[PDB]
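Next up: just one chain, as structure tokens, the form deposited without coproporphyrinogen III.
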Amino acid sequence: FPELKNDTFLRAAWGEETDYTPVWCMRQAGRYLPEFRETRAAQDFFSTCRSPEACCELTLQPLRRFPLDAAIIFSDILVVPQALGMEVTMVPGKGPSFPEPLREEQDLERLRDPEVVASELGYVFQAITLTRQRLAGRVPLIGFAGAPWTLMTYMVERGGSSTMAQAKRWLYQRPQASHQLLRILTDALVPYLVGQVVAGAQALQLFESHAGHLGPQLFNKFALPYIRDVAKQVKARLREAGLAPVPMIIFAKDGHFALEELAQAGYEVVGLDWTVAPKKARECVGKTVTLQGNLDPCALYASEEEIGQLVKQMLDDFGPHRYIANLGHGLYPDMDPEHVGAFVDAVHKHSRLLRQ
């Protein structure tokens, strides 16, 4: 692969001092871009996913508009449960879902052996290699996957609820089966993530998007062990394969209660939602880990001038060290591209000021 030109994101991720604060946006490749919708309709969501060229194209689209300091491969977190053998339907406007969710312990018998999952996800590896070659070292490429608990919520609920009452019912009524499902997911994720890195990912983000539905007690029993296990095993396999381990980011949305624990889970970066004040996040995590986040994405509905001020304050709160700017969640589809550009420009402009 070509030599990386801008590595600011990787240096920040490892904790090193940098000349400015690197920035990227969750869902930078998303429906808020007209060119994204255009390209999506050229297949059918997952036929888009399954085309390496299509996934590479959607990944690069934002980088043609904005000087983002990383790219993230376009895919979806549900590719994993699909590769385990759950059927998915694209609901037009209403999103990828499982029409037959896991309902009881017996339903685990329909899942593939997790050890075969990586062979099922070869299309994603191909997209990663292609995107790494086409980026030509401009900025690093981040790979990703959903975290075990969160993937579990999608498998058991049908998809997204507002309570995860059904998922949480599993935890309380079927703890043994829950742990079984979570181990299967873990054992599938590890080879998928190692594979992304073999294919050419230069960092990895684990999305624990549905963390907030758990309180501390359930989270420490059912989410945290698997989060730790994913990091430990990925690092080990990479070492053993002769490869350099990559910075890993854990993002637990609505996970204020777990930040202390997450900072000692084997991840270089803890990503934050917008409900946590940066100074309190820094208190909770300590000074080794890097923080990523955390602007309210709805802040981009404000004026460009207002976005600049909100960014200035966010940066003052985080300070220059151990920090990667991002939003506190993914961009929404009605957002204005030029407001995304303002965000990016503002991070770069004010972070330089803050330094000298």
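Definition used throughout: the rigid core is the maximal C-alpha set that superposes within 1.5 Å between two forms. Residues that one form lacks are left out of the comparison. Numbering starts at 1 and follows the sequence shown.
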Can you tell me which stretch has the higher mean Cα B-factor, 29 to 37 or 61 to 69?
-> 29 to 37
Decide which of the stretches 43 to 51 and 315 to 323 has the higher mean C-alpha B-factor, going by the entry.
-> 43 to 51
Going by the entry, which of 279, 183, 132, 253 has the most elevated CA B factor?
-> 279
Top Cα B-factor in this entry, restricted to 248, 241, 141, 230, sits on 241
Report the third (lowest, middle or highest) to which the CA temperature factor of residue 98 belongs, ranking only the modelled residues of the same chain.
-> highest
Modelled-residue ranking by C-alpha temperature factor, third containing residue 107 = highest
Third assignment of residue 216 from its chain's C-alpha B-factors | middle
Taking the entry's C-alpha B-factors for this chain, is residue 291 in the lowest, middle or highest third?
-> lowest
State the tercile, meaning the lowest, middle or highest third, of residue 268 with respect to the CA B-factors recorded for its chain.
-> lowest
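This protein has a second form, the form deposited with coproporphyrinogen III bound, left out of what is shown; the following refers to that one.
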Hey, in the bound PDB entry, is residue 266 touching coproporphyrinogen III, heavy atoms inside 4.5 Å?
-> no
Even though coproporphyrinogen III is not shown here, does residue 130 get within 4.5 Å of it in the bound PDB entry, heavy atoms only?
-> no
Would residue 226 count as touching coproporphyrinogen III in the bound PDB entry under a 4.5 Å heavy atom rule?
-> no
Contact label in the bound PDB entry: residue 137 to coproporphyrinogen III, heavy atom within 4.5 Å = no
So which of 72, 203, 184, 231 reaches within 4.5 angstroms of coproporphyrinogen III in the bound PDB entry, heavy atom to heavy atom?
-> 72
Single option in 96, 212, 245, 101 placed near coproporphyrinogen III in the bound PDB entry, where near means a heavy atom within 4.5 Å = 96
Out of the stretches listed (191 to 199, 166 to 174, 72 to 80, 231 to 239), which one is close to coproporphyrinogen III in the bound PDB entry, meaning heavy atoms within 4.5 Å?
-> 72 to 80
Is every one of 66, 298 and 350 within 4.5 Å of coproporphyrinogen III in the bound PDB entry, counting heavy atoms?
-> no
Does anything in 122 to 155 come within 4.5 Å of coproporphyrinogen III in the bound PDB entry by heavy atoms, and if so which residues, in order?
-> 144, 154
In 175, 216, 99, 160, the 2 Å or greater C-alpha shift between the shown form and the other one, rigid core superposed, occurs only at 160
Which segments, of 3 or more consecutive residues, undergo C-alpha shifts of no less than 2 angstroms between the shown form and the other one following superposition on the core?
-> 158 to 160
